[PDB]
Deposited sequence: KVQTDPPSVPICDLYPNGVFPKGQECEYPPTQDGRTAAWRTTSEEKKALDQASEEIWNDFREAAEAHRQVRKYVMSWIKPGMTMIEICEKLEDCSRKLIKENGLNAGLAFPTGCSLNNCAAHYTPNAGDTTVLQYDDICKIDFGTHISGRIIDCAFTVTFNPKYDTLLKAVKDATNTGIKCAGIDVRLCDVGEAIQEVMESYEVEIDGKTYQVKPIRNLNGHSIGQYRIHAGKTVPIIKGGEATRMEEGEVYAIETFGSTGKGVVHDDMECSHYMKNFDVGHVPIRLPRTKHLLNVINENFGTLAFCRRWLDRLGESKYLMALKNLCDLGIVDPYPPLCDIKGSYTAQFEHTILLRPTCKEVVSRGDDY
C-alpha cells in the first residue's frame, strides 16, 4: 500500500521488495563497484532508516506550531518515528532523543518531565532526531522558525552545511571541509530586530563520523579553519552538521541535563547496588550504546532513578550530554545530513526534497 496522511505504515511495508530508496548520489570532488555491492545490505539499512526520517520530518513540519509545548512536539514526533521505523528493540528504532534546542541553545536540549516550556512565534528551534536499522544510524536535523527575520540566518547555515557536504569525499582533508564551511558561513550578513551580524560558525561544535550503534564514532568534522589534516576514508559514514550563530560562536554547558549515553568503550561492570544495577540493566536492554533521555526512562515505568543515573555517570559507565548554548540573547541555527562514503560515490542518504 501507500502512506497514510498521518503516517503509520512502516517504511518496510511500503517497499515489500526490501530495497529502499537511495539518497542523492554525488560524484567525489568495476572493482570499487564490487566492493560497494558487497556492503549493499548495509547501505540499504541506512536507506530504510532515512526514508523513515524523511517522512517523519515532513509530518512534523506540517503541524509544528507556536503554542505547543516542547514535550508535546517531541512525543508526537517520536510516536510517528517509532511507527514508520517499525521499532523492534535494538534491531529497529530511534537512534537518539528528539533535540529541540531553543534560541541561543544550539543542541542537545530535549524536555524532561515537568518541562512547561512552550514553543513561541519568535523561537528558532533546531529539530534533531535519528532513526536506525540494525545500528545503522541516520543523524539528520533542520531548523524551524515562524518569523522570517531569521530567513537569512537559516539560509546561511543551510548553505554552509551543503558546502561541507559537497567538499566531503575520500582522501579529503578534514580541516579543508572546516575551512570551506566557514568561508561560506561568514560570507552571510544578517539583520534581526534592527541589528546586523556576520554569521559565525559555532567553533566548538562539529560534524562527526558514525559507527554501528555509535553516533559519534571518533573523528570530527570542524566547521572552522585550523582543524586536523586527517582524511576521510573509503566506507566511512559521517554526520555533516554546521551551526550558525549571532552570539560568540561557542557553546557551553547550560540548563538541566536530559540526554545520556553509555560510554561505548566501557565493558561489563559488576554492580551490587540494587537501583543502580537495575538502571544499568534497563539501559543495556533498551538502549545499548545508543543515546537516551529521562523521558525515555519514565516511559518504561522507571521512577526514582536520578541517583542511580548519577552513580552510573560518576562510574564513567554513562556520560551525560547537557544542552549546549551560546550567550543569552544570541540566535543559533543548524542543518545536518548523514553521508555514505561508498567506493562508487558519495551519497547524501538523508537528503530530501525539503533540504
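- Within the chain's deposited sequence, the coordinate-free stretch is confined to 30 to 43.
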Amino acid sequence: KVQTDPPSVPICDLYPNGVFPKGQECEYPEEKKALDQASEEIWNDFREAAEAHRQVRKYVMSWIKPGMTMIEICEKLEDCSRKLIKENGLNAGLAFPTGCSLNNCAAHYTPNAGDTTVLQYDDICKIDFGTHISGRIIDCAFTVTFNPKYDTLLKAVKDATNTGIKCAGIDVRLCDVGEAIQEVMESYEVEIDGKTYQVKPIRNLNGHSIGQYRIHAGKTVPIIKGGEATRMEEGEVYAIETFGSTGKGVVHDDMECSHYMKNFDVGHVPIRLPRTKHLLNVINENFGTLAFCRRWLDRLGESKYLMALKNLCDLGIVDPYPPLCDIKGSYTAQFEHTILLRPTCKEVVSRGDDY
From here on, numbers count along this sequence of modelled residues.
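- The stretch 222 to 230 shows the higher mean C-alpha B-factor when 222 to 230 is compared against 105 to 113 in the entry.
- The mean C-alpha temperature factor is higher for 36 to 44 when 283 to 291 and 36 to 44 are set side by side.
- Out of 100, 240, 119, 266, the entry records its largest CA B-factor for 266.
- Among the modelled residues of its chain, residue 339 has a C-alpha B-factor that falls in the middle third according to the deposited record.
- Placement of the Cα temperature factor of residue 316 within the chain: middle third of the modelled residues, per the deposited record.
- Ranked within its chain, residue 31 lands in the highest third, by CA B factor from the PDB record.
- Sort the modelled residues of the chain by CA B factor and residue 72 lands in the lowest third.
- In the PDB entry, a CA B factor belonging to the lowest third of its chain's modelled residues is recorded for residue 78.
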